[PDB]
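K.L.:
This is coords02.cif, which holds mmCIF, C-alpha atoms and all ligand atoms:
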```cif
data_data
#
loop_
_atom_site.label_atom_id
_atom_site.label_comp_id
_atom_site.auth_asym_id
_atom_site.auth_seq_id
_atom_site.Cartn_x
_atom_site.Cartn_y
_atom_site.Cartn_z
CA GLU A 528 0.00 0.00 0.00
CA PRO A 529 2.68 2.66 -0.44
CA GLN A 530 1.57 5.67 -2.47
CA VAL A 531 3.51 7.80 -4.94
CA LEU A 532 1.99 11.24 -5.52
CA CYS A 533 3.63 13.17 -8.35
CA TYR A 534 3.09 16.88 -8.94
CA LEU A 535 2.82 18.09 -12.52
CA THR A 536 3.54 21.79 -12.93
CA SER A 537 1.45 23.58 -15.55
CA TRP A 538 4.21 26.03 -16.44
CA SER A 539 6.51 23.16 -17.45
CA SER A 540 4.73 23.22 -20.80
CA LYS A 541 6.26 26.65 -21.34
CA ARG A 542 9.64 25.21 -21.24
CA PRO A 543 11.86 25.63 -24.32
CA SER A 544 13.24 22.79 -26.37
CA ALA A 545 13.76 19.46 -24.58
CA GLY A 546 12.67 20.95 -21.29
CA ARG A 547 9.12 21.33 -22.60
CA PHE A 548 6.82 18.93 -20.75
CA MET A 549 3.27 17.96 -21.67
CA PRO A 550 0.83 15.72 -19.73
CA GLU A 551 1.39 13.12 -22.49
CA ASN A 552 5.03 12.89 -21.38
CA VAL A 553 3.88 11.36 -18.10
CA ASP A 554 4.46 7.64 -17.69
CA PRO A 555 1.00 6.50 -16.50
CA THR A 556 2.54 3.71 -14.42
CA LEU A 557 5.17 5.68 -12.47
CA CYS A 558 2.95 7.26 -9.84
CA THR A 559 -0.22 6.26 -8.00
CA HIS A 560 -1.45 9.87 -8.15
CA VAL A 561 -0.80 12.81 -10.43
CA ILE A 562 -1.43 16.30 -9.06
CA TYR A 563 -1.80 19.15 -11.54
CA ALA A 564 -0.53 22.53 -10.30
CA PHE A 565 -2.00 25.01 -10.11
CA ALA A 566 -5.62 26.07 -10.40
CA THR A 567 -6.71 29.39 -8.92
CA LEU A 568 -9.46 31.37 -7.21
CA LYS A 569 -11.42 33.90 -9.24
CA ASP A 570 -14.32 35.36 -7.27
CA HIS A 571 -13.69 32.78 -4.55
CA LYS A 572 -14.44 29.86 -6.81
CA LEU A 573 -12.28 26.96 -8.00
CA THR A 574 -11.37 28.09 -11.47
CA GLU A 575 -8.98 27.68 -14.35
CA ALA A 576 -5.95 30.00 -14.05
CA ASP A 577 -5.68 30.36 -17.84
CA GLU A 578 -7.87 29.26 -20.81
CA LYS A 579 -4.90 27.20 -22.04
CA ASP A 580 -5.37 25.16 -18.83
CA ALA A 581 -8.85 23.81 -19.62
CA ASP A 582 -7.52 21.49 -22.31
CA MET A 583 -4.46 20.76 -20.17
CA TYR A 584 -6.90 19.48 -17.54
CA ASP A 585 -8.48 17.29 -20.21
CA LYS A 586 -5.03 15.89 -21.03
CA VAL A 587 -3.79 15.16 -17.50
CA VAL A 588 -7.08 13.38 -16.97
CA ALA A 589 -7.23 10.60 -19.60
CA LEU A 590 -3.82 9.53 -18.49
CA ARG A 591 -6.42 7.30 -16.83
CA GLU A 592 -7.18 5.75 -20.21
CA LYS A 593 -3.73 4.12 -20.23
CA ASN A 594 -3.99 3.39 -16.51
CA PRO A 595 -7.50 3.27 -14.97
CA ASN A 596 -6.15 2.88 -11.43
CA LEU A 597 -4.26 6.14 -11.82
CA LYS A 598 -5.75 8.96 -9.75
CA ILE A 599 -5.72 12.52 -11.08
CA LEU A 600 -5.87 15.54 -8.77
CA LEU A 601 -6.08 19.29 -9.22
CA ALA A 602 -4.12 21.55 -6.88
CA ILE A 603 -5.30 24.97 -5.72
CA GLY A 604 -3.00 27.72 -4.51
CA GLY A 605 0.75 27.68 -4.42
CA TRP A 606 3.32 30.29 -3.52
CA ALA A 607 2.55 32.91 -6.10
CA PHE A 608 -1.02 32.63 -5.07
CA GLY A 609 -0.50 33.85 -1.50
CA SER A 610 -2.32 33.46 1.81
CA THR A 611 -4.83 36.29 1.21
CA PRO A 612 -7.27 34.59 -1.19
CA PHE A 613 -7.52 31.69 1.30
CA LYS A 614 -8.29 34.10 4.14
CA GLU A 615 -11.06 35.68 2.06
CA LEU A 616 -12.29 32.24 0.99
CA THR A 617 -12.80 31.27 4.62
CA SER A 618 -14.05 34.63 5.90
CA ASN A 619 -17.78 33.77 5.79
CA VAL A 620 -19.58 30.42 5.64
CA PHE A 621 -21.64 31.06 2.47
CA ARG A 622 -18.69 31.82 0.22
CA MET A 623 -16.86 28.93 1.86
CA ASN A 624 -19.69 26.46 1.33
CA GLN A 625 -20.52 27.83 -2.10
CA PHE A 626 -16.85 27.35 -2.93
CA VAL A 627 -17.07 23.72 -1.83
CA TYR A 628 -20.36 22.95 -3.62
CA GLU A 629 -19.16 24.43 -6.90
CA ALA A 630 -15.64 23.02 -6.58
CA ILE A 631 -17.25 19.56 -6.46
CA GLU A 632 -19.10 20.34 -9.69
CA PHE A 633 -15.93 21.78 -11.26
CA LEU A 634 -13.96 18.66 -10.35
CA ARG A 635 -16.70 16.24 -11.41
CA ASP A 636 -17.08 18.14 -14.71
CA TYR A 637 -13.37 17.67 -15.48
CA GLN A 638 -13.65 14.21 -13.92
CA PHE A 639 -10.85 14.79 -11.40
CA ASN A 640 -10.36 12.19 -8.66
CA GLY A 641 -10.00 14.87 -6.02
CA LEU A 642 -8.49 18.12 -4.82
CA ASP A 643 -5.10 19.18 -3.46
CA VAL A 644 -5.04 22.26 -1.24
CA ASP A 645 -1.83 24.29 -1.24
CA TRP A 646 -2.36 27.16 1.15
CA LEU A 647 1.19 28.39 1.69
CA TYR A 648 0.94 29.09 4.49
CA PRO A 649 -1.66 29.49 7.22
CA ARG A 650 -0.26 31.52 10.11
CA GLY A 651 -1.67 32.33 13.54
CA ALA A 652 -4.64 31.04 15.52
CA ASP A 653 -7.29 32.40 13.16
CA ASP A 654 -5.56 30.96 10.09
CA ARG A 655 -5.23 27.61 11.90
CA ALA A 656 -8.99 27.45 12.57
CA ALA A 657 -9.89 28.54 9.03
CA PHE A 658 -7.61 25.92 7.47
CA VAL A 659 -9.32 23.27 9.58
CA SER A 660 -12.81 24.47 8.57
CA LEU A 661 -11.91 24.52 4.88
CA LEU A 662 -10.59 20.96 5.11
CA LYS A 663 -13.48 19.82 7.29
CA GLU A 664 -16.09 21.23 4.89
CA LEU A 665 -14.43 19.77 1.79
CA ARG A 666 -14.14 16.34 3.39
CA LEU A 667 -17.70 16.18 4.70
CA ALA A 668 -19.06 17.41 1.38
CA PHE A 669 -16.91 14.90 -0.52
CA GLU A 670 -18.38 12.14 1.66
CA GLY A 671 -21.88 13.58 1.41
CA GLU A 672 -21.61 13.89 -2.37
CA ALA A 673 -20.32 10.31 -2.57
CA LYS A 674 -23.57 9.09 -1.00
CA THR A 675 -26.08 11.53 -2.54
CA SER A 676 -24.50 10.74 -5.92
CA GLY A 677 -23.21 7.31 -6.92
CA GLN A 678 -19.45 7.38 -7.42
CA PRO A 679 -16.52 6.90 -4.98
CA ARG A 680 -15.62 9.95 -2.91
CA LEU A 681 -13.34 12.73 -4.16
CA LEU A 682 -9.89 12.65 -2.54
CA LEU A 683 -8.66 15.45 -0.27
CA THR A 684 -4.94 16.16 0.05
CA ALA A 685 -2.81 19.15 1.05
CA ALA A 686 0.83 20.23 0.74
CA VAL A 687 2.38 21.15 4.08
CA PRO A 688 5.72 22.65 5.19
CA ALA A 689 8.63 20.75 6.73
CA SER A 690 9.79 23.58 9.02
CA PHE A 691 8.91 22.70 12.61
CA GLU A 692 8.13 26.39 13.25
CA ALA A 693 5.71 26.67 10.31
CA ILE A 694 4.02 23.53 11.59
CA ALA A 695 3.24 25.04 14.99
CA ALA A 696 2.31 28.38 13.42
CA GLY A 697 -0.34 27.18 10.98
CA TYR A 698 -1.29 23.54 11.48
CA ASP A 699 -3.60 21.86 13.95
CA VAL A 700 -2.16 18.50 12.97
CA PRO A 701 -4.63 16.16 14.68
CA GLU A 702 -7.61 17.99 13.14
CA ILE A 703 -6.34 18.24 9.59
CA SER A 704 -5.28 14.59 9.80
CA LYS A 705 -8.93 13.60 10.29
CA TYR A 706 -10.08 15.10 7.00
CA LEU A 707 -7.07 14.78 4.69
CA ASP A 708 -6.52 11.58 2.73
CA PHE A 709 -2.85 12.43 2.28
CA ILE A 710 -0.50 14.89 3.98
CA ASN A 711 2.20 15.90 1.48
CA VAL A 712 5.19 17.12 3.49
CA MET A 713 7.43 19.48 1.53
CA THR A 714 10.72 18.02 2.75
CA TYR A 715 12.96 20.19 0.58
CA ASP A 716 13.96 23.86 0.16
CA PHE A 717 15.74 23.60 3.51
CA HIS A 718 18.55 25.70 2.01
CA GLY A 719 18.93 27.95 -1.01
CA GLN A 720 19.87 31.23 -2.68
CA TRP A 721 18.20 33.23 0.07
CA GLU A 722 21.17 32.22 2.23
CA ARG A 723 24.77 33.46 1.97
CA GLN A 724 26.20 30.10 2.96
CA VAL A 725 26.22 26.95 0.89
CA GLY A 726 23.75 24.29 2.06
CA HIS A 727 21.79 21.35 0.72
CA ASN A 728 18.22 21.55 -0.65
CA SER A 729 17.10 18.32 0.99
CA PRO A 730 19.52 16.61 3.41
CA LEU A 731 18.24 13.40 4.98
CA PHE A 732 20.31 13.67 8.17
CA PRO A 733 22.28 16.57 9.63
CA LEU A 734 26.03 17.08 10.03
CA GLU A 735 27.28 16.08 13.49
CA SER A 736 28.81 19.55 13.78
CA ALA A 737 25.47 21.22 13.03
CA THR A 738 23.81 23.52 15.56
CA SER A 739 20.68 22.21 17.26
CA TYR A 740 18.66 24.48 14.96
CA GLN A 741 20.41 23.36 11.78
CA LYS A 742 19.75 19.75 12.80
CA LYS A 743 16.02 20.39 12.54
CA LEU A 744 16.29 21.44 8.91
CA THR A 745 16.32 17.85 7.60
CA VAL A 746 13.93 15.35 6.03
CA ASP A 747 14.30 13.02 9.02
CA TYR A 748 13.60 15.60 11.72
CA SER A 749 10.75 17.24 9.79
CA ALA A 750 8.86 14.02 9.05
CA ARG A 751 9.27 12.96 12.68
CA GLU A 752 8.00 16.32 13.90
CA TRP A 753 4.77 15.69 11.96
CA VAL A 754 4.51 12.27 13.60
CA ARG A 755 5.20 13.83 16.99
CA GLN A 756 2.39 16.33 16.42
CA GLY A 757 -0.03 13.51 15.62
CA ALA A 758 0.04 12.94 11.87
CA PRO A 759 -0.76 9.28 11.08
CA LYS A 760 2.16 7.62 9.34
CA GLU A 761 0.05 5.98 6.63
CA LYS A 762 -1.20 9.41 5.51
CA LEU A 763 2.24 11.03 5.58
CA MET A 764 3.67 11.37 2.08
CA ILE A 765 7.30 12.45 2.33
CA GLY A 766 8.32 14.93 -0.37
CA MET A 767 11.14 14.07 -2.77
CA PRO A 768 12.69 16.78 -4.97
CA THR A 769 13.73 16.06 -8.56
CA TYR A 770 15.64 19.32 -8.58
CA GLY A 771 18.61 20.95 -6.90
CA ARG A 772 19.51 24.36 -5.50
CA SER A 773 22.66 26.14 -6.57
CA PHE A 774 25.02 28.79 -5.23
CA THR A 775 27.65 31.18 -6.54
CA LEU A 776 30.73 30.77 -4.34
CA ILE A 777 32.58 33.76 -2.90
CA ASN A 778 35.83 31.83 -3.05
CA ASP A 779 36.51 28.87 -5.40
CA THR A 780 38.64 27.12 -2.78
CA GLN A 781 35.80 27.02 -0.25
CA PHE A 782 33.23 24.55 -1.54
CA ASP A 783 32.22 22.64 1.60
CA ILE A 784 28.94 22.87 3.49
CA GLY A 785 28.80 26.38 4.93
CA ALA A 786 31.17 28.03 2.45
CA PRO A 787 30.28 31.71 1.79
CA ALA A 788 28.03 32.43 -1.21
CA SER A 789 26.99 35.68 -2.89
CA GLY A 790 23.74 34.29 -4.25
CA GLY A 791 22.20 31.71 -6.55
CA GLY A 792 24.29 30.00 -9.20
CA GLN A 793 23.94 30.25 -12.98
CA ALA A 794 20.45 29.31 -14.17
CA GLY A 795 19.77 26.15 -16.14
CA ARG A 796 19.03 26.47 -19.85
CA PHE A 797 15.47 25.19 -19.41
CA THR A 798 14.16 26.34 -16.04
CA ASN A 799 15.60 29.89 -16.33
CA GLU A 800 15.99 30.52 -12.62
CA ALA A 801 19.29 31.20 -10.88
CA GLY A 802 19.77 29.17 -7.70
CA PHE A 803 17.65 26.39 -9.19
CA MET A 804 18.22 23.35 -11.46
CA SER A 805 16.09 20.45 -12.70
CA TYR A 806 17.70 17.02 -12.56
CA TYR A 807 18.40 16.85 -16.30
CA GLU A 808 20.06 20.26 -15.91
CA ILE A 809 22.08 18.80 -13.01
CA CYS A 810 23.42 16.09 -15.33
CA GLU A 811 24.54 18.72 -17.85
CA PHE A 812 26.39 20.52 -15.07
CA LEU A 813 27.85 17.15 -14.01
CA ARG A 814 29.36 16.23 -17.39
CA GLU A 815 31.06 19.60 -17.75
CA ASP A 816 34.82 19.74 -17.48
CA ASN A 817 36.42 19.44 -14.08
CA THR A 818 33.22 19.14 -12.07
CA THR A 819 33.76 17.53 -8.69
CA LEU A 820 30.98 15.21 -7.50
CA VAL A 821 30.82 14.76 -3.73
CA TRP A 822 28.80 12.35 -1.59
CA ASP A 823 27.99 13.70 1.90
CA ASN A 824 28.21 10.64 4.12
CA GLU A 825 26.48 12.35 7.04
CA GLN A 826 23.70 14.13 5.14
CA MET A 827 23.49 11.20 2.69
CA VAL A 828 22.96 13.45 -0.31
CA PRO A 829 25.20 14.43 -3.24
CA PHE A 830 26.49 17.81 -4.34
CA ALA A 831 28.89 19.12 -6.98
CA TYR A 832 31.03 22.13 -7.74
CA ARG A 833 33.05 23.62 -10.56
CA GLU A 834 34.80 26.95 -10.30
CA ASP A 835 32.46 29.28 -8.43
CA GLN A 836 29.39 27.18 -9.05
CA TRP A 837 28.02 24.85 -6.36
CA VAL A 838 24.87 22.74 -6.54
CA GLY A 839 23.27 20.41 -4.00
CA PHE A 840 20.79 17.88 -5.38
CA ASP A 841 19.26 14.39 -5.20
CA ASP A 842 20.32 11.43 -7.35
CA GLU A 843 19.48 7.72 -7.61
CA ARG A 844 21.57 6.97 -4.54
CA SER A 845 20.17 9.64 -2.21
CA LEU A 846 16.59 8.86 -3.19
CA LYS A 847 17.22 5.14 -2.63
CA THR A 848 18.77 5.97 0.73
CA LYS A 849 15.66 8.01 1.46
CA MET A 850 13.34 5.14 0.50
CA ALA A 851 15.22 2.93 2.97
CA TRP A 852 14.80 5.55 5.70
CA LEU A 853 11.16 5.83 4.58
CA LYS A 854 10.42 2.12 4.95
CA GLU A 855 12.33 1.93 8.24
CA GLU A 856 10.20 4.71 9.78
CA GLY A 857 7.08 3.23 8.20
CA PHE A 858 5.61 6.21 6.33
CA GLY A 859 2.67 5.80 3.96
CA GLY A 860 4.53 6.79 0.81
CA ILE A 861 6.16 9.60 -1.10
CA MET A 862 5.29 12.83 -2.82
CA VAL A 863 7.36 13.99 -5.79
CA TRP A 864 8.10 17.58 -6.78
CA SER A 865 7.99 17.23 -9.61
CA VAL A 866 7.42 14.71 -12.40
CA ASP A 867 8.34 17.25 -15.08
CA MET A 868 11.80 17.84 -13.61
CA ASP A 869 12.94 14.25 -13.49
CA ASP A 870 15.07 13.31 -16.49
CA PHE A 871 11.92 12.40 -18.44
CA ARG A 872 13.83 12.11 -21.72
CA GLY A 873 16.68 9.97 -20.41
CA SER A 874 19.36 12.46 -21.45
CA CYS A 875 21.46 11.79 -18.31
CA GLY A 876 22.88 8.53 -19.64
CA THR A 877 20.76 6.47 -17.30
CA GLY A 878 17.20 5.30 -17.94
CA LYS A 879 14.17 7.48 -18.63
CA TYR A 880 12.71 8.92 -15.41
CA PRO A 881 15.75 7.75 -13.44
CA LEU A 882 14.90 9.40 -10.11
CA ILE A 883 11.30 8.23 -9.82
CA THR A 884 12.23 4.79 -11.17
CA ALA A 885 14.93 4.43 -8.52
CA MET A 886 12.42 5.34 -5.81
CA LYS A 887 9.70 3.10 -7.22
CA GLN A 888 11.89 0.01 -7.49
CA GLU A 889 13.18 0.57 -3.96
CA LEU A 890 9.61 0.77 -2.62
CA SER A 891 8.77 -2.49 -4.38
CA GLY A 892 7.50 -5.09 -1.92
CA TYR A 893 7.07 -2.49 0.82
CA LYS A 894 3.79 -2.54 2.72
CA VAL A 895 3.00 0.04 5.40
CA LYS A 896 2.32 -1.36 8.87
CA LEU A 897 1.54 0.62 11.98
CA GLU A 898 3.33 -0.23 15.23
CA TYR A 899 4.41 1.44 18.47
CA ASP A 900 7.73 3.17 18.16
CA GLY A 901 8.45 4.73 21.53
CA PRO A 902 8.64 8.33 22.71
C1 LIG B 1001 40.23 32.36 -0.96
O1 LIG B 1001 40.45 31.66 0.37
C2 LIG B 1001 41.80 31.68 0.87
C3 LIG B 1001 41.76 30.92 2.18
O2 LIG B 1001 40.83 29.84 2.14
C4 LIG B 1001 42.26 33.12 1.00
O3 LIG B 1001 43.62 33.17 1.44
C5 LIG B 1001 42.18 33.80 -0.36
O4 LIG B 1001 42.57 35.16 -0.23
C6 LIG B 1001 40.76 33.79 -0.87
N1 LIG B 1001 40.72 34.46 -2.17
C7 LIG B 1001 40.50 35.77 -2.27
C8 LIG B 1001 40.55 36.35 -3.67
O5 LIG B 1001 40.28 36.46 -1.29
#
```
Could you spell out this file's structure in structure tokens?

P.N.:
Amino acid sequence: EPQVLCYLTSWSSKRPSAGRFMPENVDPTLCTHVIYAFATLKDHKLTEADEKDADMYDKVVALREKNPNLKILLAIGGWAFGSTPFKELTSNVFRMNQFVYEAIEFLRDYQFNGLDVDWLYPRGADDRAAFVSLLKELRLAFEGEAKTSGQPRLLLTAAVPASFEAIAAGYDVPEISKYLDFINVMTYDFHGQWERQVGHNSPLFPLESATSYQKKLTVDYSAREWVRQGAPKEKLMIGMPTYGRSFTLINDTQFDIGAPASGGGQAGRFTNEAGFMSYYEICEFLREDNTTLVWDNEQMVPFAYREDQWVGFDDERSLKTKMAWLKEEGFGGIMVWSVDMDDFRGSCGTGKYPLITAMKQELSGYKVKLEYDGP
């Protein structure tokens, strides 16, 4: 019963040349769920973010025609979106409920299998309560619709932060765990171009020399914080990045964890964002001349540097290491950000979709089983 939820980013279709990704590029057998990101709120109603999206919806659905057990979800929100439309969505009950009732129709019309809520992020007591009510209402209406109609219930999932501080700030974990089908923990973006020291995007474990605060910025500590706060393991989907985060070094001779950095490193040719690289862009950086590939034995993740360019990322080995940690802890499955940034063309020299394949094969035979695991 382990689940693999893969995000598909709409804007990946705007990629140039090989980087261009369409719903048809998705292997219908890789993931258990596909989540399309993002839809938006216009007049407090679940709505297309762009007319080009309507047909995109039609194409991400009907991946079901090559795999009928594949579930397709639509995500609302995201970072660009902001926290304000969610505050106004949950300000009064009518708009809230009318949002739910019409969202159900919207989803059923497109024949989605459910909804992913990406409010990034609720903050403060009033936001906490409103996030719970939104989730509660969606869940009860999904159940209620499943009985007043005829078909199996729409799925409810949400993307949630890894930061232990953001958890306390915005998430009543026992309550949201009642109504969510899956809790997608964003166990990445622990470090990046907003910092002036080199650090890894998604380290599994911390360095022994790390401060007590730095030790909390890991996949292992974050996932366990969610458990500690009451999230049920079988609903916890641990996030796996198919991308890396890069730095421009102050000094070429200092390339170790914590070396000074002036900002993000040179953008990739396809994602066009400094401080950021997709995995197939990582490989291009890796086969350049004189690039040093390093394996961090403590953090159990790779990184690489060449001249003043430094990038920390995830490969086959780190993701396999993570699946072993996953099974050991007994989590319900994984979430992948994102399917369009795996090497979906096989240009790395390994197989097509190498990162997700490596995770899938390592989860083979795994079945989630709940058991007491101490304080
Ligand atoms: C780079 O680092 C070394 C010591 O690690 C320092 O002596 C050197 O001056 C630095 N380079 C520059 C241009 O400052």

K.L.:
Once you count only C-alpha atoms and all ligand atoms, which residues end up within 10 Å of ligand LIG 1001 (chain B), and could you hand them over as a ChimeraX atom specification?

P.N.:
/A:777-782,786

K.L.:
May I have the residues within 8 Å of region 588-590 of chain A as a list in words, using all atoms listed in the file and disregarding those fewer than 3 positions away in the same chain?

P.N.:
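That gives residues 550, 551, 553, 555, 584, 585, 593, 594, 597, 599, 637, 638 and 639 of chain A.
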
K.L.:
Residue 737 (chain A): which residues within 12 Å, counting all atoms listed in the file, same-chain residues fewer than 6 positions away excluded, as a list in words?

P.N.:
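Neighbouring residues, sequence-local ones excluded: residues 726, 743, 744, 745, 784, 785, 825 and 826 of chain A.
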
K.L.:
Show me the residues around (-8.6, 21.0, -8.1) - criterion: an atom at most 6 Å away, only C-alpha atoms counted - as a list in words.

P.N.:
residues 601, 602, 603 and 642 of chain A

K.L.:
Give me the region 798-866 of chain A side of the contact with region 875-891 of chain A, cut-off 6 Å, one line per residue showing its nearest atom pair and distance in Å at one decimal, counting all atoms listed in the file, sorted by chain and residue number, as CSV.

P.N.:
```
residue,atom,partner,partner_atom,distance
A:810,CA,A:875,CA,5.6
A:843,CA,A:882,CA,5.5
A:847,CA,A:886,CA,5.8
```

K.L.:
Would you list the contacts of residue 749 (chain A) as a PyMOL selection string, taking every protein, DNA or RNA residue within 9 Å and counting all atoms listed in the file, but skipping same-chain residues closer than 5 positions in sequence?

P.N.:
chain A and resi 688-691+712+714+743-744+754

K.L.:
Using only C-alpha atoms, please write the residues we just selected to a file, as a PDB file, keeping the file's coordinate frame.

P.N.:
```pdb
ATOM      1  CA  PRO A 688       5.720  22.650   5.190  1.00  0.00           C
ATOM      2  CA  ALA A 689       8.630  20.750   6.730  1.00  0.00           C
ATOM      3  CA  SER A 690       9.790  23.580   9.020  1.00  0.00           C
ATOM      4  CA  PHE A 691       8.910  22.700  12.610  1.00  0.00           C
ATOM      5  CA  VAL A 712       5.190  17.120   3.490  1.00  0.00           C
ATOM      6  CA  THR A 714      10.720  18.020   2.750  1.00  0.00           C
ATOM      7  CA  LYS A 743      16.020  20.390  12.540  1.00  0.00           C
ATOM      8  CA  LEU A 744      16.290  21.440   8.910  1.00  0.00           C
ATOM      9  CA  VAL A 754       4.510  12.270  13.600  1.00  0.00           C
TER      10      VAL A 754
END
```

K.L.:
Identify the residues around (-8.5, 15.7, 8.4) within a radius of 8 Å, measuring from all atoms listed in the file in the coordinates stated by the file, and give them as a ChimeraX atom specification.

P.N.:
/A:659,662-663,666,701-708

K.L.:
Using only C-alpha atoms for the distances, tell me which of A:544, A:552, A:720, A:536 is nearest to residue 564 (chain A).

P.N.:
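Ranking A:544, A:552, A:720, A:536 by distance to residue 564 (chain A), first place goes to A:536.
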
K.L.:
If we count all atoms listed in the file, what is near residue 685 (chain A) at a cut-off of 7 Å, once residues fewer than 3 positions away on the same chain are taken out, given as a ChimeraX atom specification?

P.N.:
/A:643-645,709-711

K.L.:
May I ask which of the residues A:604, A:671, A:641, A:697 is the closest one to residue 561 (chain A), counting all atoms listed in the file?

P.N.:
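Residue with the minimum atom-to-atom distance to residue 561 (chain A): A:641.
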
K.L.:
When you look at residue 545 (chain A) with a cut-off of 10 Å (counting all atoms listed in the file), what residues show up, excluding the ones that are within fewer than 5 positions of it in the same chain? I need them as a PyMOL selection string.

P.N.:
chain A and resi 796-797+807+871-872+874

K.L.:
With only C-alpha atoms as the atoms that count, which of A:764, A:756, A:832, A:802 lies nearest to residue 783 (chain A)?

P.N.:
A:832

K.L.:
For CA of residue 612 (chain A) and CA of residue 568 (chain A), determine how far apart the two atoms are, in Å to one decimal place.

P.N.:
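Computing it gives 7.2 Å between the two atoms.
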
K.L.:
Kindly indicate which residue among A:549, A:581, A:788, A:850 lies nearest to residue 636 (chain A), using all atoms listed in the file for the distances.

P.N.:
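Among A:549, A:581, A:788, A:850, it is A:581 that comes nearest to residue 636 (chain A).
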
K.L.:
By how many Å are CA of residue 738 (chain A) and CA of residue 827 (chain A) apart?

P.N.:
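It comes out at 17.8 Å.
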
K.L.:
Could you tell me how far CA of residue 753 (chain A) lies from CA of residue 692 (chain A), in Å and to one decimal?

P.N.:
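Spanning CA of residue 753 (chain A) to CA of residue 692 (chain A) is a straight-line distance of 11.3 Å.
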
K.L.:
Name the closest residue to residue 668 (chain A) among the candidates A:625, A:765, A:695, A:700; distances are taken between atoms, counting only C-alpha atoms.

P.N.:
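That would be A:625, the residue with the smallest distance to residue 668 (chain A).
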
K.L.:
Rank nothing, just name the residue among A:775, A:559, A:675, A:799 nearest to residue 531 (chain A), using all atoms listed in the file.

P.N.:
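Distance minimum relative to residue 531 (chain A) lands on A:559.
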